[PDB]
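K.L.:
this one's sequence-less:
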Ligand SMILES: Cc1cc2nc3c(=O)[nH]c(=O)nc-3n(C[C@H](O)[C@H](O)[C@H](O)COP(=O)(O)OP(=O)(O)OC[C@H]3O[C@@H](n4cnc5c(N)ncnc54)[C@H](O)[C@@H]3O)c2cc1C
């Protein structure tokens, strides 16, 4: 509009006067060493990656040997290094870089330097550096540091003259602002902060934030609650709202809001409306946001909507739009403009003039140590400028430095464009709404096959959503209205009841009987095999695209029942909410992936190129498949094995585990809803002592798909090898048989990541995963530090019923598992030494303590035998060679992990740590279809990888038809013929 | 010459002018044939339907067969072109009569006289189904004798065709009135340059009988030229018959200008005639087998023997016609062509060389190119019609060839009379056409390697290939008597248990002595392979593939030598031995390329912040237990596949082909393969067989052999013993009981020799061999008569003599086992044929055919692995399929059928691992026919195909979280936001 253009002219002219008054920030001073290192990082993305990852690992390089080797592995030798580049050249320069952005390493030093900044005319908001909070003790250390800082500031602020203002209180900064202002990171107050336990996380954080806030109010100071990643945004908003209402008359409490979030337009509207409704005032520090790359990656990894804008100008436009909304509401909402962008700052200054906002309702904030000319200009133009000033230990100071280097050298950074790229000032001061429309239009100007979308994994449950948080209590309650049923066999499209019933109960409350399961005798199993055999010829002759359609229909049937199917798993086998939902989404992924794989593999392909001849290569099913499924992934692996057999043209006789037979019945419901032909899927739970060998030995079985224990799998393999009278085929074995999986913790591991990932790998679903970490192999010189943090984090977690989301893990599968795991725990405590043994609930339930045992060596039984429970063995390796040797010292080879930031050690692990799925710098559990096709060799399996592009072939046999096309000396010319044209 | 070329173009222009727009009957769109060919020429799919229908038509001998084939080829009435049941039968029969001068000798003679009254001479040809026996050769021979006796009685009453001078009793004053053409291979059912001398003699002896009768009436005999396979044979028949009757002028030979060889062949033949002071006659043609020769050569990696630009054949024709005309004193000339440019060229060159008219005449095929025929009559006056006569069944096959000829895209007749091609282009000097076309002309590999191609088959059209086997067999006999040790960890290990290996066709000939490994030595070889495995596994896949490539080049340089060893050690025929070695080479070249393709880790998934790479790992030590019947091919295939995938091999060759097994030692050592990667441990199964299979350090077993042993291995290998690292992977091929179905509409000219070769090639010792031929009721009696009659022509004897079809079986144990099966089968069904065998030493089993066999019989179920063929009589096609599927095996199968419905039913329900349509069911090639089956024939692994190497490995995934401190590198295939 006309008015829009007139204000834009004022902003652009203010930005022009801003640039004209300024000279480069010190980070862009290419005379200094950090300016040279950053200049080459901005020209060479390969070097940027090396340098920034080096600074990240640098604080763990605690010996001369670690440091020298990492320097060579990251940067090469002295020949390949850049001109400005050893153990002294980098160490002093990197440490000097990190000190550029921190106001001190101790509280006393920080307070002295904060006083110096005041005499230069700058206010401050003080922040405490820290490694990630992984325990209650660490949360207390962080909390008590703020309390210590506030006590030091309390004794000094009385002697500080307020920064000069235009009027008001000469004891206050600019006449109105509190002299003491601190910022706190909420998740640093609770190591288990997680919206899966929303109330518990809010309360734990609020209780510590309240203790800090009371001290702040005694000082008449300001507390700002910082905003972190999207995972915790709603938690943090709720902490702010509760604390504000507890002290409704105290004005000096702020919250950060992130303009790069699509949610923020609504979140700001909501918070303003909420403050009006409750008749309180608030303060907002508006930022763009600090986690852009992380949010984009994390959402894409989980098929979630990306919560951030992804055109940089959209964040700039959102900031100016949201800053206007705050300034319009200045009577209720104090404003802190937190940006280094001259356009953004100039826009806020002119909007404040347009809206005639009193100066005591807005101030400007920049980070200590950067954008100095923008900082000096704000001081000279506005006069109210506060530095965000972190202080503390150099180890988290190094991580902070990396984030600042990333911020300043980003391709889209306003600072880089202004002071490194010689950008045109007109384009820099452009209305970002104009930039948005241009970038969108340019963008407006992976494919599937056969009209189907490409494969994508089904979205994980998203507990940032109120509706997802509410769904599990709702659907667990709805499931409890349908208990007590008798589940029959399902054979040839008919329900068949038998007189032999086995109850299935809640492992966390065994007095809760969920239903009764009919058991098949050998007669009923034989009927199921016969029905599968009779259905096989017409199913085999069904078009592969048509067979795949049944799987797609079953996938949509499960997708529509996702929370219901999950709730059943919570009760029948003690899955935690996330674990249950991930089991159902994996089942859906198998269906969607195997449908597409059969479509891909179902068309015959010409092979060879000789003329006068056509050879077509294609696949045939085998016949009847016995599918013997585990309880620990009761829908995922059951549906994967069964649907793979079915879509490739076989018919299935399915034995679910005797303790997850209701989940097994879900397969019946899903295939029935898909309209699958009768006999193609038959459901025969039964007693292995009655019908187990019968099923495996039967001459009409052509394939056995099994996931379970090594002892049972090896026995099945032995028995299936025999060809009985009337047996058409050599029986094909698809077998997955578990593991004894290790994670290696290298000297240079990032323990803030390694500790929580190891804890989840070991104790997620109380360790009942073939992929679970049961050995953590820790390098000698990091052992004591790692186990202290691991044990301290373990002590914060609670063991209890899985329907309660506050519990980390709960009861194991049944009484037999409990007895067997407890025996293994006693064996392990005699082999090594107990480091942690959790409390468990009193009363009923198959509870085994969360157990960590140290001093374990490869000779020990709990270093070799799969326990399948919450028992973690900690092993102390003398060097990295022994760590790999120990990792490889079992009969198994299923999964493994390594936390290391050494290129040489990672290369050695990739080559020699020969598990079927090796994970680098993350947990070794949670494989996804297509991304991590899953399975191993040695005693862990027969080298079949479910969820990958080699799997379906195992359910089939190849066939070739060769035709001589020549008649009377002529043959049709075919497209791919080798000919003479 | 430009002036000569202008005279030729003007001569052609007058020719087209004198034709007056007339079209040959095949291009007359007012007639039914013209409409059918018009639509065939506009619609390639209909051409295929109509031409294949005319081919199958003579076998549609019942009303049901006919009705069903019409519907299957053409659809229902609504789906048919307008010009289109009894109407179809009569129109096709009328088409065939257009090209045939009669059905009986008396009718042919009467119609040849009518031709004379219209001014045309003739050369008479006898129609016949393919000669598949000596009796059929005698019928064909005696038909020419009968024709000549009839012509002898008539020719004296024929006034000679008018000429300008010479003898009034001869045609045009000089040509004999009786002129016949004979197809040499119709005189011998086993004509094959692999037995060059035997083929020449057999053909020559019958050709001489015909020639004597020809000379008795002062007639002309022309020896026609057939496919390139027999070209040198036929040239040699002509030269010998010429020299036996050096003074008799009226003997001709056909030469084909579409052959690259023909410039030299014509020159050689003229020089030969000058050297021997004889005269010759040449009927120069372009050639009748062009599509076949191009296909056959491409199928065998042979140089295509024909020019492949059509103008090159035209240019060769004019060049070679000039050469003949220049040599008219020695060489009489028949210009056999329907091409007005070609004809005009010959006319003008003869005029410019002043060639006497008695030294050249013109020939066309009866019933086609009618305006061309008439124009030659008018301008030249000396025009002879090639006139076949005889039975309608071969008459239909001849009709198809004529329809193909007339409607070809490059046909001069199609271009002139269907396509309205420009006259100036039609009459252009074809040398100018060649240059323009060659100018216009002016499959890839991966990583600097050429694409995979199968190694060329031995080519016995070449004198050097025919001479190589006797020379290399003799060299092998200078190498007999050696002791062959074990080969373990790069070292020779001798034991004191020696087993001789002898020639199965002459057991008194001892080829050598083979050391036997005990369990100690097998344990040592397993230990050596296990110790070599870590560094071999860590060797780059491209480097491992390089050892296979070097081994293939080492074998290629020794091809005839390696072949000769197999002739003597296991009784391979020359072709079978060479094919064994080329298949070994193919495995090496193919698996090298496959490992290069599979050796690179691939990114899987597309999520950012994450890299997943999917790749493969070897297993460890592989036991390789190889058969004697493909002793280099399958040994090298199984061993090289295990090796290239990063495993190490302990290899047990068969106890009766251990010298061939030692060739793997020689080849891998020449390639420089690291020690311990390949270990050679022949041994007694009763001493070390279970020990090798049971051993805990074995991770994979690759086996080809009997079902009984394969199933034993599968059972024992499933056990996991203390210290065993892996569940043992089985790669197993266990033989078959393979059937070929002969449908009612089968082309028996093709089916009979393909069944014979499938059943008796390498005396039936192939897992793929046809041991059951399932024949539809209504064609049973005719099929077995022709099969037995062909079998009777073949000879059983030593494989080093190429005259023998098959020879001795593998050893004394096999001979006794097979002979016992033959006796069992003779009590179940009824003997149809039992060949003679040589007297004296040798493990000979008669070539044996037994009829009346039913699925309940032992020899319809049990694999005999020898020259014993069961013939089964099925009452209908459903029963034929049911009987084909009635065994416990499912390895190979064949069907001869020209019914789309029956072929579709076979493709779906005849569920063998390798089904072959209208050809033999043996002889699978790498990549073209990946080989192997399920049921009791194997575990679904297919050697020579793109799924095979994965069976020697296990997959592995590395997943890396690439995010540090909130940032990750962006990778090319990331799902991102730009
Ligand atoms: C009386 C007589 C007897 C014959 N006897 C025999 C015989 O015993 N053996 C024999 O092999 N043939 C024989 N032929 C020849 C054969 O049957 C064809 O009639 C003849 O080749 C057609 O040649 P053209 O000059 O009539 O027609 P055109 O249309 O001029 O020439 C067609 C010919 O060119 C050749 N040709 C087609 N495409 C290509 C290409 N892409 N590249 C290179 N060359 C190509 C083929 O030879 C084809 O037949 C005989 C022909 C006649 C008239």
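P.N.:
Great, that's in hand. Numbers count the residues shown, from 1 in each chain, chains lettered A, B, ... in the order given.
K.L.:
spatially central residue in chain A, please.
P.N.:
Residue closest to the average C-alpha location in chain A (Cα atoms, centre = their mean): residue A:298, at 6.4 Å.
K.L.:
now do whatever helix or strand that one lives in: everything it contacts.
P.N.:
Element membership of residue A:298, judged by DSSP states H and E, is helix A:292-301. Residues from elsewhere that reach helix A:292-301, judged by Cβ atoms under 8 Å, 6 or more residues apart in numbering or on different chains: A:229-230, A:260, A:289, A:304-308, A:310, B:607-610, B:963, B:966-968, B:975-977. Backbone N, C-alpha and C define where each C-beta goes, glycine included.
K.L.:
what ranges do the helices span in the stretch 451-600 of chain A?
P.N.:
Along the stretch 451-600 of chain A, the stretches classed as helices by DSSP state H, counting those that start in this stretch are A:466-480, A:522-540, A:544-559, A:562-573, A:577-601.
K.L.:
one step back: the helix holding residue A:298 to strand B:953-961, inter-axis angle?
P.N.:
140 degrees (axes from the mean of the first three to the mean of the last three Cα atoms, to 10 degrees).
K.L.:
now the element after helix A:292-301, going C-ward?
P.N.:
In N-to-C order, the element after helix A:292-301 by DSSP H and E is helix A:312-328.
K.L.:
picking that back up, adding mean neighbour count, write the helices of the stretch 451-600 of chain A out as CSV.
P.N.:
Below are the helices of the stretch 451-600 of chain A laid out as CSV (neighbours: other Cβ atoms under 10 Å in any protein chain shown):
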stretch, mean neighbour count
helix A:466-480, 16
helix A:522-540, 19
helix A:544-559, 20
helix A:562-573, 25
helix A:577-601, 25
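K.L.:
nearest to chain B, of the ones you listed?
P.N.:
helix A:522-540 (9.6 Å; Cβ to the nearest Cβ).
K.L.:
near chain B at all, the closest one?
P.N.:
No: figure legend: helix A:522-540 not in contact with chain B (Cβ under 8 Å from any Cβ of the partner chain); closest approach 9.6 Å.
K.L.:
how near is the nearest residue to residue A:393 once chain neighbours are set aside to the ligand?
P.N.:
Residue nearest to residue A:393 in three dimensions, not counting chain neighbours: residue A:129, with 6.1 Å by Cβ to Cβ, 6 or more residues apart in numbering or on different chains. Distance, residue A:129 to the ligand, using Cβ to the nearest ligand atom, to the nearest Å: 82 Å.
K.L.:
residue A:129: neighbouring residues, count only.
P.N.:
22 (other Cβ atoms under 10 Å in any protein chain shown).
K.L.:
isn't it up against residue A:390?
P.N.:
Yes: using Cβ atoms under 8 Å, residue A:129 is in contact with residue A:390, at 5.1 Å.
K.L.:
which residues are in contact with each of these two?
P.N.:
A:102, A:397, A:400.
K.L.:
what helix or strand is the last one located in?
P.N.:
Under the criterion DSSP H and E, the helix or strand holding residue A:400 is helix A:394-409.
K.L.:
okay, now stretch A:330-346: how far is its last residue from its first?
P.N.:
18 Å (Cα to Cα, to the nearest Å).
K.L.:
using the three-state scheme, assign the residue in chain A positioned nearest to the ligand.
P.N.:
Of all residues in chain A, residue A:980 sits closest to the ligand, at 7.1 Å by Cβ to the nearest ligand atom. Three-state assignment for residue A:980 (DSSP: H, G, I helix; E, B strand; the rest coil): coil.
K.L.:
and stretch A:911-924, how far out from the chain middle?
P.N.:
Remark: stretch A:911-924 is offset 17 Å from the chain centroid, using Cα atoms, centre = their mean, to the nearest Å.
K.L.:
er, stretch A:477-490 I mean
P.N.:
34 Å.
K.L.:
and for stretch A:617-632?
P.N.:
So, by Cα atoms, centre = their mean, the centroid of stretch A:617-632 is 33 Å from its chain's centroid.
K.L.:
could you do stretch A:668-684 as well?
P.N.:
Worked out by Cα atoms, centre = their mean, stretch A:668-684 lies 35 Å from the chain centre.
K.L.:
just the buried positions in that stretch, please.
P.N.:
A:668, A:670-671, A:674, A:676, A:679-684 (16 or more other Cβ atoms under 10 Å in any protein chain shown).
K.L.:
show residues contacting that stretch.
P.N.:
Contacts of stretch A:668-684 (Cβ under 8 Å, 6+ apart): A:489-494, A:520, A:524-525, A:528, A:531-532, A:534-535, A:538-539, A:542, A:550-551, A:553-554, A:557-558, A:639, A:642, A:646, A:651-656, A:664-665, A:667, A:691, A:695.
K.L.:
and the closest residue to chain B within the stretch 701-850 of chain A, its phi and psi?
P.N.:
Relative to chain B, the nearest point of the stretch 701-850 of chain A is residue A:721 (3.7 Å; Cβ to the nearest Cβ). Phi and psi for residue A:721, reported as degrees, to the nearest 10, are phi -70, psi -20.
K.L.:
check residue A:649 too.
P.N.:
phi 100, psi 10.
K.L.:
wait, does stretch A:760-775 make contact with chain B?
P.N.:
No: Stretch A:760-775 stays clear of chain B (Cβ under 8 Å from any Cβ), getting no nearer than 11.7 Å.
K.L.:
what's the span of stretch A:497-514, first residue to last?
P.N.:
Rule used - Cα to Cα; the end-to-end distance of stretch A:497-514 is 18 Å.
K.L.:
buried residues in it?
P.N.:
A:498, A:502, A:504-509, A:514.
K.L.:
widest-spaced pair of those residues?
P.N.:
Using Cβ to Cβ, the two most remote members of the buried residues of stretch A:497-514 are A:498 and A:508, lying 28.7 Å apart.
K.L.:
what's the closest non-adjacent residue to whatever residue of the stretch 551-700 of chain A ends up closest to chain B?
P.N.:
Using Cβ to the nearest Cβ, residue A:608 is the residue of the stretch 551-700 of chain A that sits closest to chain B, at 3.3 Å. What sits nearest to residue A:608 in space, not counting adjacent residues and going by Cβ to Cβ, 6+ apart, is residue B:928, at 3.3 Å.
K.L.:
pretty sure the residue of the stretch 701-850 of chain A closest to chain B sits against residue A:731.
P.N.:
Yes: using Cβ under 8 Å, residue A:721 makes contact with residue A:731 at a distance of 7.3 Å.
K.L.:
neighbour count: these two, which is higher?
P.N.:
residue A:731 (29 against 20).
K.L.:
which residues does the more buried one contact?
P.N.:
Applying Cβ under 8 Å, 6+ apart, the residues near residue A:731 are A:701-704, A:720-721.
K.L.:
from the residues you listed, list just the buried residues.
P.N.:
When the contacts of residue A:731 are checked for burial by 16+ other Cβ under 10 Å, the buried set is A:701-704, A:720-721.
K.L.:
who touches the residue nearest to residue A:393 in this structure?
P.N.:
Counting by Cβ under 8 Å, 6+ apart, residue A:129 has contacts A:102, A:390-393, A:396-397, A:400.
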